[PDB]
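Protein chains: 6
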Amino acid sequence: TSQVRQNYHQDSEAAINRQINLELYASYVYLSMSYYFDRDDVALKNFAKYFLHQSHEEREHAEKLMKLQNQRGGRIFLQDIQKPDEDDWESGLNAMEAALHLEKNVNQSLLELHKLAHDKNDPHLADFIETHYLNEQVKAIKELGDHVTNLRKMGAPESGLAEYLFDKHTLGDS
Amino acid sequence: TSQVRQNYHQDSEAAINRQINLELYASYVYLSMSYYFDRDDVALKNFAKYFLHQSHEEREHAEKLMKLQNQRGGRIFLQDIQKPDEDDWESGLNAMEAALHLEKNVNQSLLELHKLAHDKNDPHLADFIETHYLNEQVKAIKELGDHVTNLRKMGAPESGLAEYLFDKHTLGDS
Amino acid sequence: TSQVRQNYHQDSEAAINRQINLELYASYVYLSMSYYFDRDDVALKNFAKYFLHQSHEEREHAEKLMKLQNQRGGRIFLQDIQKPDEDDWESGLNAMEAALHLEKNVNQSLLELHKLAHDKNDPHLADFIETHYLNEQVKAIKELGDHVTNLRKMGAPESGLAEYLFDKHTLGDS
Amino acid sequence: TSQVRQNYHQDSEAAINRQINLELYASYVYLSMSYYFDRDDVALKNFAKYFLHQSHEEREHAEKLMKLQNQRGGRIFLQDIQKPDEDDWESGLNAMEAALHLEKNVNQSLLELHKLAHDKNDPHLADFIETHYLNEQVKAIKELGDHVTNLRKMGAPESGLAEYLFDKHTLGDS
Amino acid sequence: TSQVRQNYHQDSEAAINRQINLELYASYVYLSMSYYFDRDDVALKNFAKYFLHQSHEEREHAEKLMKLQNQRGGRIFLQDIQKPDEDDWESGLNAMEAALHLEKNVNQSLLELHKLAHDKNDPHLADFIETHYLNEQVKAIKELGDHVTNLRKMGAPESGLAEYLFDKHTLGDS
Amino acid sequence: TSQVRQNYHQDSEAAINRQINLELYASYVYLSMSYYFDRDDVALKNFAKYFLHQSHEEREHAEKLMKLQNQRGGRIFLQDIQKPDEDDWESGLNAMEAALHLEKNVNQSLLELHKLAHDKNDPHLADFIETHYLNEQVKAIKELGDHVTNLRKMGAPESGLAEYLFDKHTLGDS
Ligand SMILES: O=C(NO)c1ccc(C(=O)NO)o1
Ligand SMILES: O=C(NO)c1ccc(C(=O)NO)o1
Ligand code: NA
Ligand code: NA
Ligand code: NI
Ligand code: NI
Ligand code: NI
Ligand code: NI
Ligand code: NI
Ligand code: NI
Ligand code: NI
Ligand code: NI
Ligand code: NI
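Residue numbers (UniProt numbering), protein chains in the order written: chain C, 6 to 179; chain W, 6 to 179; chain Z, 6 to 179; chain L, 6 to 179; chain Y, 6 to 179; chain G, 6 to 179.
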């Protein structure tokens, strides 16, 4: 057992390892989406750029969790990163909706990790979760919901004009 | 009675107190609208930004009136700020039309305050009204009417595409 | 029901709406006080400046809560902003004491909102409260208590010299 | 009883006073170690510099707690600062191990102070602990464990060459 | 079938998809290694930094292949990223040797992809491989072999002093 | 016995160890006072700032003595730092008078340490005392006496106005 461990339950250690796999999964989903919008029969550069940013952000999420595992004295165990459910993401609107489902899934996973940390009276772990994950999740969810709302009111996905313009006017400056 | 008072009728003092309450009311209306466009099921950032600016401007209007009350020797009496008529503002076009009605209401209130000041032969009060309120009202009214006209010719509120584009191209730079 | 809502109790939603009304109320109290010190028969510019700053800060508090309501998926409902208990604030010392009572009231309201969020196992809401409200309350309370102590040891409110000097030497640079 | 106190248990007040004494104790331990490495028969400048930094950091920890006591309305009571267990710290490796034991002790003390604050439903106190102490403890513990590991793999304390080189290559730039 | 495809065999398309999975695998291996050196019982920051750089470089390799797939008209199909063979990488020397085996594996895969492209008379694909992969592989292999040689001549992995010094003097500036 | 020792009596070594404990004691006294003026029922920021500066200066005094002990070949032995006589310092005037008593005590201790060094014909030790302690003591004593005189002529401690103004006009710029 390691010299820095203190107040660190094994249930928490397992949970962090599960969360690492989840954040890498999300990274892979977003990479898949990004390059779907790179296809010559979709060709929406700013959708592609948007989801590529999200994919690198989730990779950083995963790395912060791994640093945390080592900080608290736990051992990293890595597992396979399952492939996204889809290879074809249909449309900008549909990709954004899958991103909404994804982030809500990841959010309930964090909220249970927080439940877990408060119940094993691990306040350091709890505040780590609050400070570095919980509000980033709320922000990501509000943002993807704003986008789904605008794509819908424009006429997406029935109107290809709507997705083109959304790509130029909303994902062209941030 | 106060040492600086001169040529300041009590009807005018009451009127300024009424006008303070009105300008705070307008501030509250615009705050309500601003955050309606912040909702994830409306998501029009630049509408929200537009009405938030107007709300801070009306708060400054109110403060200038309070400074004026104290300048002329009158006493400030504050009252409740009634809630906006609506919690849901339907659409960008409808919000803009409510803003037009609002500013015309506030304008007739100022025009009667000016009537009042000219009839109690208070030229300082009269020129205060002309210089700091009357033309700001005419400008605000022309501006909101321009906007209602453009939203209508675009197809608002039936076309969600129209409101999206108006938010990007007219309220995105000023 | 809205697409971004997750782990957000309706008791919490109601509570945020109550807290918004409270922070706007505080804003109105401080505006009232500010312009009482602007009167020609009180004439304490730096008291006025002090309470005007506090009033704009409480308006920002309210806006942050409204942004939060929309972020978590809740609906904003606004209510009347009741008028301050007083129109005449007697003196700098008395105004400062009313400000102390006010901030303690607002603080117990936040502490119950936090109780509520921890009991509905809403850690995002809980950390929002800790990070953006709780310590600002402790700071505001210590500050107003320091001031009440100094005004008292100087001879306020019996000595008008004391309030004059406090206005020049303590509220003249910060 | 003081005018700023709210939601501040007397058990918490006592606890902060205990924690102040503990953080000053740690400061004294590190000062002792620092100047042990200053001895002409040890002469490891960067060990000395390392532990002197830690000693000033613990003094700042103590001061932040005292500011907090006064902020929440409590009264500071100071006690004797007991002398370090040792006057002779044997070696760089041994000093680092005593520093590891020390910080773990201080950490369990903070974790109980947090337990205490959550149980007396003092969220301001709880978030203070999370934000300003808990993660600084985890960082300090990981750091001292990294160092103990490297000194051991080098051949410390049997090899005086190992400690010399560690002092030059690990504690010579940070 | 897609409008940009020309001279692009389906065997090549499959091969690029296999190579994408391989470059992501390598990325995962290096991430695993990086954070093994982050452990408090290994604590070799510059090994960790070294393998983390390699892991981000392999992620860029994968992305360049995906861009290429879309450029030539092929369709991206993603698969699971299998976990590294080990969770514990034993030592700096052993990690470096696994990195050598890895890059040679990836290199023979590229050399067969090139064989394939020259035999389906796809010169664009062939020169892509030469310009963006083949020489990066030769460089990576020479580099890891240099390192394995130096760690061995120093006394690794039997001497923990050797790995410490290698981490400071060879992976501390590049 | 140590290789650098020359002309260094054991009575002197003991004396330096006593003086180290004394300078740390003074540091603790001043910290106690500083945070007494931080209390919300005293609230004299510049008194607090004044005594906090003095407390860090005495900590530096102690460290210079410890460096000197090691320089001359002596061994540092640390002891408990006794708590200040008081937890409540009554008033600015009273705190300043306790500071005067304190510095005179420390001064006679240095003057005996100098007596001791001249009698064991240790001129290096003697000039160290003259150059780094004796005149700093005379300066500190004149300064605290100036302050006690001004607080008294103002009406302290009977007049809380006097202490307020002294805090603003004498301890507000130096
Ligand atoms: O503008 C006027 N005063 O400034 C004014 C209004 C009505 C009359 C009047 O009585 N005309 O016969 O004058
Ligand atoms: O009594 C309880 N469960 O039945 C309980 C113990 C600790 C807590 C808690 O975490 N309060 O914030 O609740
Ligand atoms: Na927290
Ligand atoms: Na070529
Ligand atoms: Ni994430
Ligand atoms: Ni709890
Ligand atoms: Ni107006
Ligand atoms: Ni006329
Ligand atoms: Ni507030
Ligand atoms: Ni500490
Ligand atoms: Ni070297
Ligand atoms: Ni590669
Ligand atoms: Ni001294």
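Yeah, the Cβ is synthetic: ideal placement off N, Cα and C, and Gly gets one too.
Spatial distance of residue i from residue j (CA atoms)
| i | j | result |
| --- | --- | --- |
| C/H152 | C/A161 | 11 Å |
| residue 181 of chain C | C/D85 | There is no way to answer for residue 181 of chain C, as the model of chain C reaches only from 6 to 179. |
| Z/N12 | Z/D127 | 6 Å |
| L/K72 | G/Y40 | 7 Å |
| Y/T6 | C/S179 | 35 Å |
| Z/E65 | Z/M38 | 18 Å |
| W/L36 | C/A131 | 35 Å |
| C/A48 | C/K54 | 11 Å |
| C/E102 | C/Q113 | 17 Å |
| L/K144 | G/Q76 | 34 Å |
| C/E95 | Y/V9 | 20 Å |
| Y/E62 | Y/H174 | 23 Å |
| Z/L121 | C/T154 | 31 Å |
| Z/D124 | Y/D172 | 50 Å |
| Z/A20 | C/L139 | 20 Å |
| Z/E141 | Z/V111 | 11 Å |
| residue 2 of chain C | Y/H119 | Absent from the structure is residue 2 of chain C, since the part of chain C shown begins at 6 and ends at 179. |
| W/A167 | W/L156 | 7 Å |
| L/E163 | Y/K50 | 24 Å |
| G/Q87 | G/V34 | 9 Å |
| residue 1 of chain Y | L/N99 | Nothing in the structure corresponds to residue 1 of chain Y, since chain Y is present only between 6 and 179. |
Residue i versus the options, residue with shortest Cα-Cα distance
| i | options | result |
| --- | --- | --- |
| Z/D92 | Z/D43, Z/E28 and Z/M71 | Z/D43 |
| W/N22 | W/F52, W/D45, W/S7 and W/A67 | W/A67 |
| W/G165 | C/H123, C/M159, C/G165 and C/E163 | C/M159 |
| G/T136 | G/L107, G/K147 and G/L116 | G/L116 |
| C/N26 | C/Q74, C/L83 and C/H61 | C/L83 |
| Y/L57 | Y/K147, Y/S32, Y/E168 and Y/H119 | Y/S32 |
| G/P89 | G/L29, G/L170, G/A167 and G/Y169 | G/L29 |
| Y/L170 | Y/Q142, Y/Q59 and Y/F52 | Y/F52 |
| L/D45 | G/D45, G/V34 and G/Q74 | G/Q74 |
| Z/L107 | Z/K69, Z/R157, Z/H119 and Z/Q59 | Z/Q59 |
| residue 190 of chain L | L/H14, L/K69 and L/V34 | This structure leaves residue 190 of chain L out entirely; chain L is present only between 6 and 179. |
| Z/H14 | Z/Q87, Z/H129, Z/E163 and Z/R157 | Z/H129 |
Integer-rounded CB distance, given that residue j should sit under 8 Å from residue i
| i | j | result |
| --- | --- | --- |
| L/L176 | L/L105 | Wrong, their Cβ atoms sit about 16 Å apart, outside the cutoff. |
| C/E18 | C/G79 | 4 Å |
| W/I81 | W/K109 | Actually they are not in contact, since the Cβ atoms of W/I81 and W/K109 sit about 26 Å apart, beyond 8 Å. |
Alpha helix (DSSP H) runs wholly inside the stretch 8-46 of chain Z, at least 4 long, in chain order
15-42
Which complete alpha helix (DSSP H) runs does the stretch 111-171 of chain C hold, if anything under 4 residues is left out?
128-134 and 140-159
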